[PDB]
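Working notes, beginning with the structure itself.
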Amino acid sequence: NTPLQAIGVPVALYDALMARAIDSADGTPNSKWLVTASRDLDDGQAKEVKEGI
Amino acid sequence: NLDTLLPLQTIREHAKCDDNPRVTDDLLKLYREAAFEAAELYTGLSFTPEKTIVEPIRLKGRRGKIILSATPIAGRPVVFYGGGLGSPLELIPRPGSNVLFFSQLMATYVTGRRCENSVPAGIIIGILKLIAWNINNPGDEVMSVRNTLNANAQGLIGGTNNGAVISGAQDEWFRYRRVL
Amino acid sequence: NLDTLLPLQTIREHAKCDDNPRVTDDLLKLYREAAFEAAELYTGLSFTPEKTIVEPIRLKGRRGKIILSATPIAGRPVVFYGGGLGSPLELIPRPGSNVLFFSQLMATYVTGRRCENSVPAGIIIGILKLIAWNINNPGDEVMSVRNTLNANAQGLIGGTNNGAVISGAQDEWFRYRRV
Amino acid sequence: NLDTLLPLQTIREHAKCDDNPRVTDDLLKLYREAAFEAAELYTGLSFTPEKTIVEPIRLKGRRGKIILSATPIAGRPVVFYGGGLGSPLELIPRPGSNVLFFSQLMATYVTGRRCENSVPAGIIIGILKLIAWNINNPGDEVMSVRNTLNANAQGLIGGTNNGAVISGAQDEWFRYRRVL
Amino acid sequence: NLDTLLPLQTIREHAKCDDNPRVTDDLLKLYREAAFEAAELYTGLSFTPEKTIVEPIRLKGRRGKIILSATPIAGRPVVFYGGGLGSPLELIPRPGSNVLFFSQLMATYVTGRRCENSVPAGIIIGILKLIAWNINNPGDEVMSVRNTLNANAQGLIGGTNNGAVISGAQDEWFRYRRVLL
Amino acid sequence: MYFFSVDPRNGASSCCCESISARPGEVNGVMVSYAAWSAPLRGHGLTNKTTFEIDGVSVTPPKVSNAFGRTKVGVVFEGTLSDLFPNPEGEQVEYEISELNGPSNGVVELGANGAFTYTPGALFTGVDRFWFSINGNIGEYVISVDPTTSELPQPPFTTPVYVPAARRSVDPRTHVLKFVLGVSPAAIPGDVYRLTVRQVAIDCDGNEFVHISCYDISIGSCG
């Protein structure tokens with residue numbers, strides 16, 4: 001007759017949630033500003049637009 | 001010289017102007033010069049054996065980042081001097097990328113494509129198209145081709161009336177230009 | 001090597017152009033070469049011979065992810081030297097991809113493909129279609145559907161005389177791509 | 001071997017190429033040799049009659065569901081051996097399905113239909129159609145149906161110009177295709 | 001075996017091709033047999049006479065529920081055996097429906113229509129419409145209403161009219177299919 | 001390594017026997033998966049009662065004969081290699097000892113004219129063979145060295161294709177049969193041999209369930 005009898009479900013749930021958090025911490029790109037040009041920009045200055053931003 | 005790369009007979013055969021000329025030959029030479037100087041600076045790939053470059057660089061990207069104007073060569077070492085270096089540093093670049101990782105700081109190298117049989121087939125095909133487009137478009141017809149939907153507020157006819165865009169050219173030699 | 005993959009006879013009989021000298025053999029060779037350089041570039045099946053490469057590696061992550069410019073040849077050790085090592089290490093890549101798992105660090109793999117055959121019917125169909133486009137569709141007269149013309153007051157319809165996508169191939173190769 | 005499955009005269013009589021031979025027989029059998037690599041590469045199914053298969057299964061779905069890579073016939077019980085198991089088990093499947101219940105755990109059974117197996121005529125009408133569409137679409141004629149409604153984004157002519165979908169094939173091979 | 005319940009003469013009389021030598025008997029047989037299962041799979045009805053079935057059963061829901069797979073029969077007891085039963089139990093289904101109530105639980109019954117005078121005209125009309133579409137409309141050009149060939153300047157409309165079930169075939173068979181609930 | 005799946009005898013699924021290519025000199029391993037046949041017969045699986053038989057369907061009889069000798073321990077043995085090639089036509093005899101199939105516990109010095117010296121390795125007593133090649137035709141010469149005492153018996157002149165005596169096994173947990181298939185260096189390209197295997201299952205009570213299959217060993221050159 002021990003408390004560990006009735007805490008399996010929540011401790012497993014906690015482990016799963018914390019594993020999800022750890023994983024998503026490293027793996028979701030931390031970048032913003034997804035910029036996009038069009039197929040008419042002479043890459044040779046699209047380098048220049050990037051260096052500008 | 002281009003006649004080694006692309007002879008006028010292949011032009012006159014592709015644009016279906018073998019039988020009917022539709023242009024004299026010197027005009028065709030000028031069109032070909034334009035078409036080889038358009039794809040060249042559109043994709044960023046040179047055609048002459050080299051051009052030894054000397055360039056002043058500025059360090060940015062606290063990790064330490066060097067952006068070059070040309071695209072190294074492919075396999076040589078690039079050397080940095082001045083800047084405060086006791087001796088010329090020597091790095092080896094990544095093939096096809098002008099990104100390096102380290103009282104002014106210069107850098108010298110050579111830009112590549114020293115052969116002739118390396119323009120694989122693509123840039124040739126697109127150039128044929130762009131020539132073909134210029135052969136019959138002296139700039140008399142309007143021929144403006146639509147880009148994004150919303151008709152401009154000013155109420156004009158639209159945009160992108162551009163040889164080597166509204167012809168095949170871009171979609172043809174784009175399979176080479178990188179996306180980043 | 002291509003001359004055994006596509007014989008010019010099969011082209012001349014598909015594109016129904018064998019009686020008109022305007023499409024010579026040098027120009028049709030150019031077309032048949034520009035249709036194989038974009039077949040192994042949209043699908044990535046490496047129809048180019050060998051092209052050994054020596055590039056510098058910049059080990060990226062803490063999981064130790066090595067990325068490569070061009071894929072290796074699936075079974076030949078990619079050797080790493082320099083960057084502090086005093087005894088070059090050899091790794092075996094995974095067939096198909098260009099990812100590895102571990103005074104700068106360098107790598108010297110090999111690329112391309114050696115053997116003649118193993119080119120599936122799916123690819124050739126796409127290639128025949130692409131050439132059949134270019135032999136009678138140059139860069140003038142931006143057409144419209146059912147190969148018609150137009151006078152659409154606003155603009156025009158755009159991206160119509162670009163090959164490989166208006167005709168077949170782009171979609172007749174997708175069956176050889178993935179996630 | 002193919003022409004035993006699909007005689008050339010049937011191809012020709014379907015696609016109207018008779019008393020009017022378009023592309024010669026050689027191109028016809030090439031078309032056939034490519035139209036069996038879209039079909040049965042799009043379906044997943046193979047070419048063999050009433051096979052019996054052996055395969056390792058897994059038990060994802062903790063409750064215990066098994067997903068087979070075939071369709072066991074109605075009545076014949078599939079057997080599970082290997083792995084933790086005293087002796088081969090006897091499970092009778094659910095008719096027309098591949099979901100089951102309860103050191104590598106393996107399973108074997110008999111697929112297909114008990115009787116003769118041609119190539120389920122019905123995944124052949126697409127192959128005939130895919131051939132037909134390829135006889136009069138050599139690749140210079142711009143035909144393109146729309147998938148989306150809105151637009152391309154820019155002045156692009158919509159797009160689905162694929163074949164085997166514009167021909168009525170994808171939606172006649174789909175009846176033998178699992179939707180998960 | 002499709003020779004007695006769809007005479008090729010009736011097809012040749014429906015699609016009016018009795019003088020076409022470009023539709024041989026083998027080709028018409030391939031059409032007639034690829035359309036007697038491309039629109040039988042679609043309705044999930046066997047065409048042979050009353051045909052016994054045996055299959056496992058899994059109860060669903062706390063109040064008990066037995067989903068079958070045939071809509072068995074009108075008025076004949078389906079019986080359950082195995083699975084902890086001490087004696088085969090007989091249930092009576094309700095016409096049209098295939099749901100019942102109260103070492104795997106098995107069930108057996110008999111589906112199908114009594115006589116050999118097989119599938120009603122509804123099924124046959126669909127096949128006739130599907131065959132006719134198949135013989136004089138191969139998939140090579142996109143069509144439009146009536147059967148015109150348009151342009152649209154933009155994408156064609158031919159999402160389906162290439163070779164799909166545009167004819168009232170597919171929908172005729174549906175009159176017989178069964179919306180779930 | 002070859003892997004074959006057996007037909008499961010269900011009334012269900014160009015020649016009869018599935019095919020095996022072999023190269024002269026290789027020794028491979030063969031795996032047969034009886035799972036499809038013996039899994040339904042819920043019992044105690046396979047047993048170690050397989051039986052093998054080799055038969056030729058096209059043989060191309062050998063040209064050069066093989067031969068046998070004997071020697072005591074430590075003493076050098078001599079012999080000829082010229083009476084083993086009865087030639088129909090007139091030709092020269094380029095005797096050759098392939099290093100790939102030389103002796104295993106000794107050395108051989110091929111003389112100038114069908115002569116050879118086998119110096120047995122010191123402190124060794126067993127059987128030792130080597131394979132000569134008289135004008136492209138290969139045969140085997142087997143020598144047995146005695147421990148100086150009485151005499152050794154005569155080994156059986158290994159056949160073109162064989163399955164070693166005892167290297168077979170069965171995994172009753174996975175119903176898989178393993179055996180070895182070794183091909184002599186004298187096997188002639190183009191020939192075809194037929195191997196039939198008889199494997200017995202067993203029920204939970206110990207009765208017998210027999211199964212017979214065949215395989216056609218096609219002796220090819222260059223794999």
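Residue numbers start at 1 in each chain; chains themselves are named A, B, ... in the order of the structure tokens; ligands are numbered from 1 in the order shown.
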**Prompt:** Leaving out residue 4 in chain D and any residue of its chain fewer than 3 positions from it, which residues lie within 12 Å of it when counting only C-alpha atoms, given as a list in words?
**Reply:**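 Using only C-alpha atoms, the neighbours found are residues 1, 7, 8, 9, 10, 32, 118 and 119 of chain D.
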Taking only C-alpha atoms into account, what are the residues of chain B at most 6 Å from chain C, put as an mmCIF file with N, CA and C atoms, in the first residue's frame?
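Once written, out-v8.cif looks like this:
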```
data_model
loop_
_atom_site.group_PDB
_atom_site.id
_atom_site.type_symbol
_atom_site.label_atom_id
_atom_site.label_comp_id
_atom_site.auth_asym_id
_atom_site.auth_seq_id
_atom_site.Cartn_x
_atom_site.Cartn_y
_atom_site.Cartn_z
ATOM 1 N N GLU B 13 19.089 27.761 -87.522
ATOM 2 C CA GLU B 13 18.349 26.515 -87.592
ATOM 3 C C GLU B 13 17.317 26.390 -86.490
ATOM 4 N N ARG B 94 34.104 26.516 -50.300
ATOM 5 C CA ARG B 94 33.151 25.480 -50.650
ATOM 6 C C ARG B 94 32.764 25.628 -52.111
ATOM 7 N N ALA B 121 24.334 22.231 -71.332
ATOM 8 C CA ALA B 121 23.552 22.438 -72.540
ATOM 9 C C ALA B 121 22.544 23.552 -72.320
ATOM 10 N N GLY B 122 22.189 23.771 -71.059
ATOM 11 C CA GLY B 122 21.091 24.638 -70.689
ATOM 12 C C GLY B 122 21.252 26.069 -71.136
ATOM 13 N N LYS B 129 16.605 30.555 -77.280
ATOM 14 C CA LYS B 129 15.263 31.095 -77.126
ATOM 15 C C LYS B 129 15.282 32.614 -77.111
ATOM 16 N N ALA B 132 15.858 33.901 -80.371
ATOM 17 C CA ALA B 132 14.649 33.677 -81.149
ATOM 18 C C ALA B 132 13.595 34.720 -80.830
ATOM 19 N N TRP B 133 13.506 35.128 -79.568
ATOM 20 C CA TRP B 133 12.525 36.140 -79.202
ATOM 21 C C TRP B 133 12.894 37.495 -79.778
ATOM 22 N N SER B 144 2.670 42.516 -73.759
ATOM 23 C CA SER B 144 2.925 42.542 -72.327
ATOM 24 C C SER B 144 2.228 41.355 -71.686
ATOM 25 N N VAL B 145 2.947 40.615 -70.850
ATOM 26 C CA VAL B 145 2.447 39.356 -70.313
ATOM 27 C C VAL B 145 2.220 39.527 -68.817
ATOM 28 N N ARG B 146 1.093 39.022 -68.327
ATOM 29 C CA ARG B 146 0.672 39.345 -66.973
ATOM 30 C C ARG B 146 1.535 38.637 -65.930
ATOM 31 N N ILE B 157 -1.582 48.662 -68.150
ATOM 32 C CA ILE B 157 -1.817 47.403 -68.840
ATOM 33 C C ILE B 157 -1.208 46.224 -68.102
ATOM 34 N N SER B 167 9.692 34.903 -72.775
ATOM 35 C CA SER B 167 10.100 33.762 -73.577
ATOM 36 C C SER B 167 10.504 32.636 -72.628
ATOM 37 N N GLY B 168 11.094 31.574 -73.162
ATOM 38 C CA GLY B 168 11.424 30.434 -72.328
ATOM 39 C C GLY B 168 12.546 30.729 -71.352
#
```
Worksheet item: Can you list, as JSON, numbers by chain, every residue of range 114-172 of chain C that DSSP puts in alpha helix (DSSP H)?
Response: {"C": [121, 122, 123, 124, 125, 126, 127, 128, 129, 130, 131, 132, 133, 134, 169, 170, 171, 172]}
Residues as selected, N, CA, C and O atoms, written as a short mmCIF file (atom, residue, chain, number, x, y, z; two decimals), in the first residue's frame, can you do that?
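Ended up saving to part34.cif:
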```
data_model
loop_
_atom_site.label_atom_id
_atom_site.label_comp_id
_atom_site.auth_asym_id
_atom_site.auth_seq_id
_atom_site.Cartn_x
_atom_site.Cartn_y
_atom_site.Cartn_z
N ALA C 121 11.82 3.49 -68.48
CA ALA C 121 10.98 4.00 -69.56
C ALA C 121 10.32 5.31 -69.17
O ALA C 121 10.07 6.17 -70.02
N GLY C 122 9.99 5.47 -67.89
CA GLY C 122 9.39 6.71 -67.43
C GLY C 122 10.21 7.93 -67.80
O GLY C 122 9.67 8.94 -68.25
N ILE C 123 11.52 7.85 -67.61
CA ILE C 123 12.37 9.00 -67.88
C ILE C 123 12.39 9.33 -69.36
O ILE C 123 12.17 10.47 -69.76
N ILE C 124 12.64 8.32 -70.20
CA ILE C 124 12.78 8.57 -71.63
C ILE C 124 11.54 9.24 -72.18
O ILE C 124 11.62 10.20 -72.95
N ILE C 125 10.36 8.75 -71.78
CA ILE C 125 9.11 9.37 -72.22
C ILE C 125 9.13 10.86 -71.93
O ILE C 125 8.80 11.68 -72.79
N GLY C 126 9.54 11.23 -70.73
CA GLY C 126 9.67 12.64 -70.42
C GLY C 126 10.67 13.33 -71.32
O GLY C 126 10.46 14.47 -71.74
N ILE C 127 11.77 12.65 -71.65
CA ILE C 127 12.80 13.28 -72.46
C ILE C 127 12.33 13.44 -73.90
O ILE C 127 12.54 14.48 -74.52
N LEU C 128 11.70 12.40 -74.45
CA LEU C 128 11.15 12.53 -75.79
C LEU C 128 10.19 13.70 -75.86
O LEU C 128 10.21 14.48 -76.82
N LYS C 129 9.33 13.85 -74.85
CA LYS C 129 8.37 14.94 -74.85
C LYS C 129 9.07 16.28 -74.81
O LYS C 129 8.70 17.20 -75.54
N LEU C 130 10.10 16.41 -73.98
CA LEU C 130 10.76 17.70 -73.84
C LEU C 130 11.40 18.13 -75.15
O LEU C 130 11.27 19.29 -75.56
N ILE C 131 12.09 17.22 -75.83
CA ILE C 131 12.69 17.56 -77.11
C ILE C 131 11.60 17.87 -78.12
O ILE C 131 11.66 18.88 -78.83
N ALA C 132 10.57 17.02 -78.19
CA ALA C 132 9.48 17.26 -79.12
C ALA C 132 8.90 18.65 -78.92
O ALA C 132 8.38 19.25 -79.86
N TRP C 133 8.99 19.17 -77.71
CA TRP C 133 8.62 20.56 -77.49
C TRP C 133 9.59 21.50 -78.19
O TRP C 133 9.19 22.32 -79.02
N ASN C 134 10.88 21.37 -77.89
CA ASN C 134 11.83 22.40 -78.31
C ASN C 134 12.04 22.43 -79.81
O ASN C 134 12.44 23.46 -80.35
N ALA C 169 7.18 16.33 -69.24
CA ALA C 169 8.28 15.85 -68.43
C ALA C 169 8.22 16.17 -66.94
O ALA C 169 8.35 15.25 -66.13
N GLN C 170 8.05 17.44 -66.56
CA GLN C 170 8.03 17.78 -65.14
C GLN C 170 7.11 16.84 -64.37
O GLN C 170 7.40 16.45 -63.24
N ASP C 171 6.00 16.44 -65.00
CA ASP C 171 5.04 15.57 -64.34
C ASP C 171 5.26 14.10 -64.67
O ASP C 171 4.76 13.24 -63.94
N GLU C 172 5.94 13.79 -65.77
CA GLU C 172 6.26 12.41 -66.10
C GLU C 172 7.53 11.95 -65.41
O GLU C 172 8.00 10.84 -65.69
#
```
What parts of range 69-173 of chain D does DSSP call strand (DSSP E or B)? I'd like the answer as a PyMOL selection string.
chain D and resi 78-81+89-91+99-100+106-110+145
Per-residue nearest contacts chain E to chain D, cut-off 7 Å, using only C-alpha atoms, as a tab-separated table:
```
residue	atom	partner	partner_atom	distance
E:22	CA	D:13	CA	5.9
E:23	CA	D:13	CA	6.9
E:27	CA	D:10	CA	6.7
E:30	CA	D:121	CA	7.0
E:34	CA	D:122	CA	4.6
E:38	CA	D:122	CA	6.2
E:55	CA	D:94	CA	6.2
E:56	CA	D:94	CA	6.2
E:138	CA	D:129	CA	6.3
E:139	CA	D:167	CA	4.8
E:140	CA	D:133	CA	4.1
E:154	CA	D:157	CA	5.5
E:155	CA	D:145	CA	4.5
E:156	CA	D:145	CA	4.3
E:157	CA	D:145	CA	6.1
E:158	CA	D:145	CA	5.9
E:159	CA	D:145	CA	6.3
E:162	CA	D:167	CA	5.4
E:163	CA	D:168	CA	4.4
E:164	CA	D:168	CA	5.4
```
As a JSON list (two decimals) with N, CA and C atoms, in the first residue's frame, please: the residues near residue 97 in chain C (cut-off 10 Å, only C-alpha atoms, same-chain neighbours under 4 positions excluded).
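Generated file (selection.json):
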```
[["chain", "number", "residue", "atom", "x", "y", "z"],
["C", 67, "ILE", "N", 26.81, 17.63, -44.03],
["C", 67, "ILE", "CA", 26.06, 17.82, -45.27],
["C", 67, "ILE", "C", 27.05, 17.86, -46.42],
["C", 68, "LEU", "N", 26.61, 17.36, -47.57],
["C", 68, "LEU", "CA", 27.46, 17.27, -48.75],
["C", 68, "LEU", "C", 26.81, 18.00, -49.92],
["C", 70, "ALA", "N", 27.26, 17.30, -53.35],
["C", 70, "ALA", "CA", 26.76, 16.29, -54.27],
["C", 70, "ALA", "C", 26.83, 14.92, -53.61],
["C", 71, "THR", "N", 25.86, 14.07, -53.91],
["C", 71, "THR", "CA", 25.76, 12.78, -53.25],
["C", 71, "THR", "C", 26.95, 11.89, -53.59],
["C", 72, "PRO", "N", 27.37, 11.04, -52.66],
["C", 72, "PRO", "CA", 28.39, 10.03, -52.99],
["C", 72, "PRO", "C", 27.80, 8.86, -53.76],
["C", 73, "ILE", "N", 28.59, 7.81, -54.00],
["C", 73, "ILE", "CA", 28.16, 6.77, -54.94],
["C", 73, "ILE", "C", 27.69, 5.50, -54.24],
["C", 74, "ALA", "N", 27.27, 5.61, -52.99],
["C", 74, "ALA", "CA", 26.56, 4.53, -52.30],
["C", 74, "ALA", "C", 27.42, 3.26, -52.21],
["C", 93, "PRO", "N", 28.26, 6.17, -46.61],
["C", 93, "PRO", "CA", 27.05, 6.98, -46.65],
["C", 93, "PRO", "C", 25.82, 6.10, -46.76]]
```
I'd like a table as JSON lines: residues in chain A with an atom no more than 12 Å from chain C, each row giving the shortest atom pair and its distance in Å to one decimal, only C-alpha atoms counted, sorted by chain and rising residue number.
```
{"residue": "A:26", "atom": "CA", "partner": "C:62", "partner_atom": "CA", "distance": 10.5}
{"residue": "A:27", "atom": "CA", "partner": "C:61", "partner_atom": "CA", "distance": 11.0}
{"residue": "A:39", "atom": "CA", "partner": "C:159", "partner_atom": "CA", "distance": 11.5}
```
Go ahead and save the residues from that selection, with N, CA, C and O atoms, as a PDB file, in the first residue's frame.
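Written file, part-v7.pdb:
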```pdb
ATOM      1  N   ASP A  26      14.783  22.480 -29.494  1.00  0.00           N
ATOM      2  CA  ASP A  26      15.828  22.433 -30.512  1.00  0.00           C
ATOM      3  C   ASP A  26      15.325  21.617 -31.696  1.00  0.00           C
ATOM      4  O   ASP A  26      15.245  20.388 -31.621  1.00  0.00           O
ATOM      5  N   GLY A  27      15.034  22.291 -32.800  1.00  0.00           N
ATOM      6  CA  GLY A  27      14.365  21.628 -33.899  1.00  0.00           C
ATOM      7  C   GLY A  27      13.325  22.494 -34.572  1.00  0.00           C
ATOM      8  O   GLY A  27      13.018  22.300 -35.750  1.00  0.00           O
ATOM      9  N   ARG A  39      11.368  34.647 -59.742  1.00  0.00           N
ATOM     10  CA  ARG A  39      12.335  34.152 -60.718  1.00  0.00           C
ATOM     11  C   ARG A  39      12.615  35.157 -61.783  1.00  0.00           C
ATOM     12  O   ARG A  39      12.404  34.889 -62.959  1.00  0.00           O
TER      13      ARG A  39
END
```
query = Leaving out residue 176 in chain F and any residue of its chain fewer than 2 positions from it, which residues lie within 10 Å of it when counting only C-alpha atoms, given as an NGL selection string?
reply = :F and (3-5 or 31-35 or 45-46 or 169-174 or 178)
The selected residues should be written to file as an mmCIF file, in the first residue's frame (atoms: N, CA and C atoms).
```cif
data_model
loop_
_atom_site.group_PDB
_atom_site.id
_atom_site.type_symbol
_atom_site.label_atom_id
_atom_site.label_comp_id
_atom_site.auth_asym_id
_atom_site.auth_seq_id
_atom_site.Cartn_x
_atom_site.Cartn_y
_atom_site.Cartn_z
ATOM 1 N N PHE F 3 18.945 -17.154 -51.127
ATOM 2 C CA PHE F 3 17.752 -17.240 -50.297
ATOM 3 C C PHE F 3 16.581 -17.633 -51.177
ATOM 4 N N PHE F 4 15.970 -18.772 -50.879
ATOM 5 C CA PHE F 4 14.819 -19.258 -51.621
ATOM 6 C C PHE F 4 13.616 -19.382 -50.704
ATOM 7 N N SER F 5 12.447 -19.055 -51.234
ATOM 8 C CA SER F 5 11.186 -19.315 -50.562
ATOM 9 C C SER F 5 10.519 -20.492 -51.249
ATOM 10 N N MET F 31 20.210 -20.710 -48.199
ATOM 11 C CA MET F 31 19.184 -20.594 -47.181
ATOM 12 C C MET F 31 17.838 -20.852 -47.828
ATOM 13 N N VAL F 32 17.036 -21.703 -47.207
ATOM 14 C CA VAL F 32 15.708 -22.037 -47.696
ATOM 15 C C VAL F 32 14.721 -21.753 -46.582
ATOM 16 N N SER F 33 13.664 -21.024 -46.896
ATOM 17 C CA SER F 33 12.700 -20.584 -45.894
ATOM 18 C C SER F 33 11.434 -21.409 -46.031
ATOM 19 N N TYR F 34 11.285 -22.409 -45.172
ATOM 20 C CA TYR F 34 10.104 -23.258 -45.180
ATOM 21 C C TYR F 34 8.926 -22.641 -44.455
ATOM 22 N N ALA F 35 8.985 -21.351 -44.141
ATOM 23 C CA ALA F 35 7.948 -20.754 -43.314
ATOM 24 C C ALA F 35 6.581 -20.876 -43.963
ATOM 25 N N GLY F 45 7.611 -27.845 -35.825
ATOM 26 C CA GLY F 45 8.485 -27.257 -36.815
ATOM 27 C C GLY F 45 9.327 -28.279 -37.555
ATOM 28 N N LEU F 46 10.457 -27.809 -38.064
ATOM 29 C CA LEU F 46 11.339 -28.620 -38.877
ATOM 30 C C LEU F 46 12.129 -29.575 -37.990
ATOM 31 N N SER F 169 21.819 -27.052 -40.903
ATOM 32 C CA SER F 169 21.133 -26.775 -39.653
ATOM 33 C C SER F 169 19.736 -26.292 -39.985
ATOM 34 N N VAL F 170 18.876 -26.293 -38.975
ATOM 35 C CA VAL F 170 17.518 -25.794 -39.112
ATOM 36 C C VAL F 170 17.174 -25.006 -37.862
ATOM 37 N N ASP F 171 16.555 -23.850 -38.049
ATOM 38 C CA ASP F 171 16.089 -23.043 -36.936
ATOM 39 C C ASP F 171 14.600 -23.288 -36.773
ATOM 40 N N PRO F 172 14.172 -24.162 -35.861
ATOM 41 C CA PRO F 172 12.733 -24.391 -35.696
ATOM 42 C C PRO F 172 11.988 -23.165 -35.225
ATOM 43 N N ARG F 173 12.688 -22.147 -34.734
ATOM 44 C CA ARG F 173 12.027 -20.916 -34.334
ATOM 45 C C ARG F 173 11.673 -20.044 -35.525
ATOM 46 N N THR F 174 12.342 -20.230 -36.664
ATOM 47 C CA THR F 174 12.071 -19.407 -37.834
ATOM 48 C C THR F 174 11.888 -20.223 -39.105
ATOM 49 N N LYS F 178 19.540 -24.142 -43.542
ATOM 50 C CA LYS F 178 20.843 -23.675 -43.986
ATOM 51 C C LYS F 178 21.688 -24.868 -44.398
#
```
Residue 132 in chain E: which residues within 9 Å, counting only C-alpha atoms, same-chain residues fewer than 2 positions away excluded, as a ChimeraX atom specification? /E:11,14-16,127-130,134-137,167
Practice problem: Name the residues in contact with range 88-100 of chain E at a cut-off of 9 Å, using only C-alpha atoms, excluding same-chain residues fewer than 5 positions from it; report them as a PyMOL selection string. | Solution: chain E and resi 64-82
Between CA of residue 25 in chain C and CA of residue 6 in chain C - distance in Å to one decimal:
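Separation between CA of residue 6 in chain C and CA of residue 25 in chain C: 13.1 Å.
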Would you write out, as a Markdown table, a table of all residues in chain F that have an atom no more than 7 Å from an atom of chain D, listing for each the closest atom pair and the distance in Å to one decimal, considering only C-alpha atoms and ordering rows by chain and rising residue number?
```
| residue | atom | partner | partner_atom | distance |
| --- | --- | --- | --- | --- |
| F:12 | CA | D:50 | CA | 6.4 |
| F:13 | CA | D:51 | CA | 5.3 |
| F:36 | CA | D:108 | CA | 6.4 |
| F:39 | CA | D:88 | CA | 6.3 |
| F:40 | CA | D:79 | CA | 6.3 |
| F:42 | CA | D:88 | CA | 5.9 |
| F:173 | CA | D:82 | CA | 6.0 |
| F:174 | CA | D:82 | CA | 5.9 |
```
Would you output that residue set with N, CA, C and O atoms, as a PDB file, in the first residue's frame?
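Output file part.pdb is given in full below:
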```pdb
ATOM      1  N   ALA F  12      -2.038 -23.187 -54.916  1.00  0.00           N
ATOM      2  CA  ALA F  12      -1.843 -21.801 -55.304  1.00  0.00           C
ATOM      3  C   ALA F  12      -0.354 -21.623 -55.574  1.00  0.00           C
ATOM      4  O   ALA F  12       0.391 -22.604 -55.661  1.00  0.00           O
ATOM      5  N   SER F  13       0.095 -20.383 -55.704  1.00  0.00           N
ATOM      6  CA  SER F  13       1.525 -20.154 -55.898  1.00  0.00           C
ATOM      7  C   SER F  13       2.305 -20.193 -54.576  1.00  0.00           C
ATOM      8  O   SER F  13       3.320 -19.507 -54.408  1.00  0.00           O
ATOM      9  N   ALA F  36       6.495 -20.627 -45.264  1.00  0.00           N
ATOM     10  CA  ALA F  36       5.192 -20.624 -45.910  1.00  0.00           C
ATOM     11  C   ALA F  36       4.532 -21.993 -45.891  1.00  0.00           C
ATOM     12  O   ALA F  36       3.305 -22.070 -45.974  1.00  0.00           O
ATOM     13  N   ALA F  39       4.513 -23.381 -41.379  1.00  0.00           N
ATOM     14  CA  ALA F  39       3.890 -22.589 -40.332  1.00  0.00           C
ATOM     15  C   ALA F  39       2.454 -23.038 -40.109  1.00  0.00           C
ATOM     16  O   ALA F  39       2.047 -23.196 -38.955  1.00  0.00           O
ATOM     17  N   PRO F  40       1.647 -23.242 -41.154  1.00  0.00           N
ATOM     18  CA  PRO F  40       0.277 -23.704 -40.904  1.00  0.00           C
ATOM     19  C   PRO F  40       0.203 -25.041 -40.193  1.00  0.00           C
ATOM     20  O   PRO F  40      -0.675 -25.233 -39.346  1.00  0.00           O
ATOM     21  N   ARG F  42       0.628 -26.592 -37.565  1.00  0.00           N
ATOM     22  CA  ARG F  42       1.034 -26.270 -36.206  1.00  0.00           C
ATOM     23  C   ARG F  42       1.548 -27.522 -35.516  1.00  0.00           C
ATOM     24  O   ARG F  42       0.774 -28.419 -35.173  1.00  0.00           O
ATOM     25  N   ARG F 173      12.688 -22.147 -34.734  1.00  0.00           N
ATOM     26  CA  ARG F 173      12.027 -20.916 -34.334  1.00  0.00           C
ATOM     27  C   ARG F 173      11.673 -20.044 -35.525  1.00  0.00           C
ATOM     28  O   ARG F 173      10.787 -19.193 -35.411  1.00  0.00           O
ATOM     29  N   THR F 174      12.342 -20.230 -36.664  1.00  0.00           N
ATOM     30  CA  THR F 174      12.071 -19.407 -37.834  1.00  0.00           C
ATOM     31  C   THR F 174      11.888 -20.223 -39.105  1.00  0.00           C
ATOM     32  O   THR F 174      11.739 -19.632 -40.179  1.00  0.00           O
TER      33      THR F 174
END
```
*asked:* Using only C-alpha atoms and a distance of at most 8 Å, pull out the residues of chain C that contact chain E, as a PyMOL selection string.
replied: chain C and resi 144-146+150+157
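Within 10 Å of chain A, and counting only C-alpha atoms, chain B contributes residues 38, 39, 40, 41, 42, 43, 44, 45, 67, 69, 70, 98, 160, 162, 164, 165, 170, 171, 174, 177, 178, 179 and 180 of chain B.
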